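Structure data follow from protein00.tsv (TSV, C-alpha atoms):
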```tsv
chain	number	residue	atom	x	y	z
A	1	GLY	CA	-25.30	21.99	-1.79
A	2	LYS	CA	-25.53	19.77	1.31
A	3	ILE	CA	-22.83	17.19	2.19
A	4	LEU	CA	-23.25	14.55	4.84
A	5	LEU	CA	-19.89	13.33	6.23
A	6	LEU	CA	-20.14	9.90	7.88
A	7	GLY	CA	-17.32	9.10	10.28
A	8	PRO	CA	-15.40	11.07	12.87
A	9	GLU	CA	-15.22	14.84	12.79
A	10	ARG	CA	-12.13	16.17	10.95
A	11	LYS	CA	-11.53	19.90	11.00
A	12	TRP	CA	-9.31	20.03	7.88
A	13	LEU	CA	-11.99	18.09	6.00
A	14	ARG	CA	-14.86	20.28	7.22
A	15	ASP	CA	-13.02	23.44	6.22
A	16	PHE	CA	-12.18	21.87	2.87
A	17	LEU	CA	-15.73	20.78	2.16
A	18	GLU	CA	-17.10	24.15	3.40
A	19	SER	CA	-14.77	26.23	1.16
A	20	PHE	CA	-16.90	25.03	-1.76
A	21	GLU	CA	-19.72	27.02	-0.11
A	22	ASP	CA	-21.37	23.71	0.69
A	23	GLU	CA	-23.05	23.21	4.00
A	24	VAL	CA	-21.57	20.24	5.80
A	25	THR	CA	-23.13	18.01	8.39
A	26	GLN	CA	-21.28	15.23	10.14
A	27	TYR	CA	-22.53	12.09	11.84
A	28	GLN	CA	-20.66	9.11	13.27
A	29	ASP	CA	-23.34	6.92	14.83
A	30	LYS	CA	-25.56	4.26	13.30
A	31	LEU	CA	-27.94	6.01	10.87
A	32	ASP	CA	-31.63	5.05	10.86
A	33	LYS	CA	-32.89	4.69	7.31
A	34	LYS	CA	-35.75	7.15	7.90
A	35	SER	CA	-33.64	9.66	9.88
A	36	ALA	CA	-34.18	13.33	9.06
A	37	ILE	CA	-30.38	13.81	9.00
A	38	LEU	CA	-30.70	12.69	5.37
A	39	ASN	CA	-33.37	15.26	4.41
A	40	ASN	CA	-32.11	17.44	1.54
A	41	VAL	CA	-28.66	15.76	1.56
A	42	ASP	CA	-27.08	16.01	-1.92
A	43	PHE	CA	-23.94	13.88	-1.29
A	44	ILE	CA	-22.67	11.39	1.32
A	45	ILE	CA	-18.90	10.93	1.98
A	46	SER	CA	-17.90	8.15	4.30
A	47	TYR	CA	-14.40	8.04	5.78
A	48	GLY	CA	-13.71	5.92	8.81
A	49	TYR	CA	-17.43	5.36	9.35
A	50	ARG	CA	-17.74	2.44	11.79
A	51	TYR	CA	-21.21	1.28	10.77
A	52	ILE	CA	-22.75	-0.31	7.71
A	53	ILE	CA	-24.92	2.11	5.74
A	54	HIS	CA	-28.44	0.69	5.48
A	55	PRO	CA	-29.09	-0.60	1.92
A	56	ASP	CA	-32.11	1.67	1.41
A	57	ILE	CA	-29.90	4.74	1.93
A	58	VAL	CA	-27.29	3.26	-0.40
A	59	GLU	CA	-29.93	2.79	-3.11
A	60	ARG	CA	-31.46	6.20	-2.50
A	61	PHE	CA	-28.00	7.82	-2.97
A	62	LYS	CA	-26.69	5.85	-6.02
A	63	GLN	CA	-23.91	7.98	-7.61
A	64	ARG	CA	-24.26	10.35	-4.65
A	65	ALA	CA	-22.26	8.48	-1.99
A	66	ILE	CA	-18.51	7.82	-1.96
A	67	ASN	CA	-16.21	6.13	0.46
A	68	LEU	CA	-12.49	6.77	1.24
A	69	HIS	CA	-10.89	3.36	1.78
A	70	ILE	CA	-7.20	2.73	2.53
A	71	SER	CA	-6.72	-0.32	0.37
A	72	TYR	CA	-6.01	-0.86	-3.32
A	73	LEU	CA	-9.39	-2.31	-4.25
A	74	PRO	CA	-10.31	-4.97	-4.96
A	75	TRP	CA	-7.68	-6.22	-2.49
A	76	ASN	CA	-8.43	-5.87	1.24
A	77	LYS	CA	-12.01	-4.91	1.22
A	78	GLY	CA	-13.38	-4.59	4.76
A	79	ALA	CA	-11.43	-4.45	8.00
A	80	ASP	CA	-7.74	-3.73	8.83
A	81	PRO	CA	-6.66	-3.38	5.17
A	82	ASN	CA	-3.13	-2.20	6.02
A	83	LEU	CA	-2.31	-5.21	8.16
A	84	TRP	CA	-3.86	-7.67	5.64
A	85	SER	CA	-1.92	-6.13	2.74
A	86	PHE	CA	1.23	-7.32	4.51
A	87	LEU	CA	-0.10	-10.62	5.92
A	88	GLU	CA	-1.35	-11.64	2.45
A	89	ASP	CA	1.42	-9.76	0.55
A	90	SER	CA	-1.10	-7.90	-1.61
A	91	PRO	CA	-1.15	-4.57	-3.53
A	92	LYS	CA	-0.94	-1.58	-1.19
A	93	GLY	CA	-2.70	1.72	-1.73
A	94	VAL	CA	-5.90	3.75	-1.31
A	95	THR	CA	-9.16	4.01	-3.25
A	96	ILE	CA	-12.06	6.44	-3.58
A	97	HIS	CA	-15.09	4.52	-4.81
A	98	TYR	CA	-18.84	4.85	-4.98
A	99	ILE	CA	-20.76	3.19	-2.18
A	100	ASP	CA	-22.51	-0.05	-3.15
A	101	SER	CA	-24.79	-2.58	-1.69
A	102	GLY	CA	-22.30	-4.87	0.02
A	103	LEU	CA	-18.93	-4.42	1.60
A	104	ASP	CA	-16.60	-2.01	-0.26
A	105	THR	CA	-17.55	-3.37	-3.74
A	106	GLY	CA	-18.75	-0.20	-5.57
A	107	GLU	CA	-17.17	1.44	-8.60
A	108	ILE	CA	-13.65	2.80	-8.51
A	109	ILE	CA	-13.27	6.53	-9.01
A	110	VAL	CA	-9.48	6.80	-8.60
A	111	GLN	CA	-6.80	4.78	-6.75
A	112	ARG	CA	-3.14	5.27	-5.88
A	113	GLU	CA	-0.45	2.75	-5.06
A	114	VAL	CA	1.49	3.37	-1.83
A	115	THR	CA	4.99	2.11	-1.37
A	116	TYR	CA	6.62	0.83	1.84
A	117	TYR	CA	10.26	0.73	2.98
A	118	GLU	CA	12.39	-1.82	4.81
A	119	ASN	CA	12.16	-0.17	8.30
A	120	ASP	CA	8.41	0.55	8.11
A	121	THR	CA	6.02	-0.49	10.87
A	122	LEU	CA	2.24	-0.88	10.88
A	123	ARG	CA	2.13	2.65	12.26
A	124	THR	CA	4.26	4.31	9.60
A	125	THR	CA	2.51	2.47	6.71
A	126	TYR	CA	-0.94	3.35	8.09
A	127	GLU	CA	-0.02	7.05	8.44
A	128	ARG	CA	1.32	7.06	4.90
A	129	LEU	CA	-1.95	5.55	3.58
A	130	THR	CA	-3.89	8.18	5.51
A	131	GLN	CA	-1.87	11.06	4.05
A	132	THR	CA	-2.20	9.60	0.58
A	133	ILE	CA	-5.97	9.17	0.59
A	134	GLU	CA	-6.57	12.58	2.12
A	135	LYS	CA	-4.44	14.30	-0.58
A	136	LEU	CA	-6.05	12.17	-3.27
A	137	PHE	CA	-9.49	13.20	-2.08
A	138	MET	CA	-8.56	16.90	-2.16
A	139	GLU	CA	-7.32	16.44	-5.74
A	140	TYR	CA	-10.46	14.73	-6.99
A	141	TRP	CA	-13.38	16.08	-4.92
A	142	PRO	CA	-13.88	19.18	-7.15
A	143	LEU	CA	-14.56	16.82	-10.00
A	144	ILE	CA	-16.59	14.31	-8.00
A	145	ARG	CA	-18.87	17.01	-6.63
A	146	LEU	CA	-19.65	18.45	-10.10
A	147	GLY	CA	-20.45	15.01	-11.54
A	148	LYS	CA	-17.45	15.59	-13.85
A	149	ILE	CA	-16.06	12.05	-13.35
A	150	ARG	CA	-17.60	8.62	-12.80
A	151	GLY	CA	-16.53	5.13	-11.78
A	152	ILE	CA	-15.32	2.02	-13.56
A	153	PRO	CA	-16.72	-1.26	-12.29
A	154	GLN	CA	-14.73	-2.72	-9.50
A	155	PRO	CA	-13.23	-6.07	-10.51
A	156	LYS	CA	-14.48	-9.12	-8.69
A	157	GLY	CA	-11.66	-10.82	-6.85
A	158	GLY	CA	-9.10	-9.25	-4.60
A	159	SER	CA	-9.85	-10.13	-0.94
A	160	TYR	CA	-12.11	-9.24	1.94
A	161	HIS	CA	-11.66	-9.42	5.72
A	162	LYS	CA	-13.71	-9.05	8.88
A	163	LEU	CA	-12.37	-7.46	12.07
A	164	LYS	CA	-12.08	-10.87	13.69
A	165	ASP	CA	-9.95	-12.52	11.03
A	166	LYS	CA	-6.75	-11.05	12.47
A	167	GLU	CA	-7.19	-12.74	15.87
A	168	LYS	CA	-4.96	-15.70	14.99
A	169	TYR	CA	-2.15	-13.41	13.85
A	170	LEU	CA	-2.12	-11.04	16.85
A	171	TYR	CA	0.78	-13.02	18.35
A	172	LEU	CA	3.01	-11.76	15.51
A	173	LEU	CA	2.35	-8.13	16.52
A	174	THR	CA	4.87	-8.07	19.32
A	175	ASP	CA	5.01	-4.26	19.33
A	176	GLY	CA	1.40	-3.48	18.42
A	177	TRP	CA	1.45	-0.54	15.97
A	178	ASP	CA	5.24	-0.51	16.12
A	179	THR	CA	5.67	-3.99	14.71
A	180	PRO	CA	7.97	-3.92	11.72
A	181	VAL	CA	6.03	-5.08	8.69
A	182	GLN	CA	8.90	-7.13	7.31
A	183	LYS	CA	8.12	-9.74	10.00
A	184	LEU	CA	4.52	-9.94	8.84
A	185	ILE	CA	4.87	-10.31	5.06
A	186	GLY	CA	3.20	-13.48	3.84
A	187	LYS	CA	2.38	-14.87	7.30
A	188	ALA	CA	-1.18	-15.59	6.19
A	189	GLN	CA	0.23	-16.95	2.83
```
Turn the structure described in the file into structure tokens.
Amino acid sequence: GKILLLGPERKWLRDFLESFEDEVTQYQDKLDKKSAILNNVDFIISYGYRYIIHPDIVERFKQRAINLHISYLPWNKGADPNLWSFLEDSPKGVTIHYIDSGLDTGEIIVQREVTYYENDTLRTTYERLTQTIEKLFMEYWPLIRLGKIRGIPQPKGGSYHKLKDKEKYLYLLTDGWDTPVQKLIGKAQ
């Protein structure tokens, strides 16, 4: 079996994927649709990939491409989900879903709600989301890779944001990552 990991290199994740006796390739740059990196690839996992996957790849790898996203879909599709979950006071959590045409709208494989606490900052909620999704992926990948599970359709609704939407709220982030989230709740309504 051949796994393509899209996003930054992560040693724990390579060793995890490779312990299934799968061969694992990793790529973090924009991926040309006709690139030979895709030759013989059985499964694509994106996690922190900074580029949009070209639609022809997406179509070619229907039910063979998943994404690890740190929101509770359908809320906070797209950019900066952790910040927007507090600015818009939305559900908080992480989701593994199949990759779709369009921006984080494919079928939901499993999700998990993540709680926050009164002293939390953007930093401590983001790290908690990261630990949660990485554990969740280790729990469910054995089933995902053997086609043992499949997705339910992702509900329309929720919310979506672009990287630039946060610009008008940056003034609230007086400590950057260390801004307490309590200050931010509901500031975008």
**Report entry** Close residues, residue 101 in chain A itself excluded, 12 Å, all atoms listed in the file, min 6 positions apart in chain, as a list in words
**Finding:**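 Here the qualifying residues turn out to be residues 52, 53, 54, 55, 56, 57, 58, 59, 60, 61, 62, 65 and 107 of chain A.
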Requested in this report: Quick one: everything within 12 Å of range 14-19 of chain A, counting all atoms listed in the file, minus sequence neighbours fewer than 2 positions away in the same chain. Send it as a VMD selection string.
Outcome: chain A and resid 1 to 12 21 to 26 43 to 45 134 to 135 137 to 139 141 to 142 145
Query raised in the report: How many Å separate CA of residue 97 in chain A from CA of residue 166 in chain A?
Result: 24.7 Å
Query - Among listed residues A:109, A:172, A:13, A:31, nearest residue 147 in chain A (using all atoms listed in the file) - result: A:109
Query raised in the report: Looking at all atoms listed in the file, which of A:32, A:104, A:127, A:167 is the one that sits closest to residue 77 in chain A?
Result: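 Smallest separation from residue 77 in chain A among the options: A:104.
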Query raised in the report: Do you know which residues are at most 6 Å from range 175-187 of chain A counting only C-alpha atoms, after dropping those on the same chain fewer than 3 positions away, and could you put them as a ChimeraX atom specification?
Result: /A:86-89,120-123
Axis-aligned box over every listed atom of range 56-68 of chain A, padded by 8 Å per side: centre and edges in Å to one decimal, as AutoDock Vina command-line options?
```
--center_x -22.3 --center_y 6.0 --center_z -2.8 --size_x 35.6 --size_y 24.7 --size_z 25.5
```
Query raised in the report: So how far away is CA of residue 27 in chain A from CA of residue 76 in chain A, in Å?
Result: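 Computing the Euclidean distance for CA of residue 76 in chain A and CA of residue 27 in chain A yields 25.2 Å.
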Query raised in the report: Any idea what the distance is between CA of residue 49 in chain A and CA of residue 130 in chain A?
Result: 14.4 Å
Query - Given all atoms listed in the file as the counted atoms, nearest of A:70, A:41, A:146, A:188 to residue 128 in chain A - result: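 Checking each candidate against residue 128 in chain A, we get A:70 as the closest.
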Query - Sel. within 7 Å of pt (-19.2, 4.9, 17.8), counting only C-alpha atoms, output as a VMD selection string - result: chain A and resid 28 to 29 50
Query raised in the report: From the list A:189, A:143, A:75, A:159, which residue is nearest residue 20 in chain A when using only C-alpha atoms?
Result: A:143
Could the residues of range 7-84 of chain A that have an atom at most 9 Å from range 148-154 of chain A be listed as a tab-separated table, each with its closest atom pair and the distance in Å to one decimal, counting all atoms listed in the file and ordered by chain and ascending residue number?
```
residue	atom	partner	partner_atom	distance
A:63	CA	A:150	CA	8.2
A:73	CA	A:154	CA	7.5
A:74	CA	A:154	CA	6.7
```
Query raised in the report: Closest to residue 71 in chain A among A:126, A:51, A:171, A:140, using all atoms listed in the file?
Result: A:126
Query raised in the report: Which neighbours of residue 93 in chain A fall inside 9 Å, counting only C-alpha atoms, when residues of the same chain fewer than 2 positions from it are skipped, and could you give them as JSON, numbers by chain?
Result: {"A": [70, 71, 72, 73, 82, 91, 95, 111, 112, 113, 114, 115, 129, 132, 133]}
Requested in this report: Counting all atoms listed in the file, figure out which residue out of A:35, A:144, A:124, A:67 gets nearest to residue 83 in chain A.
Outcome: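 Of all the options, A:124 lies closest to residue 83 in chain A.
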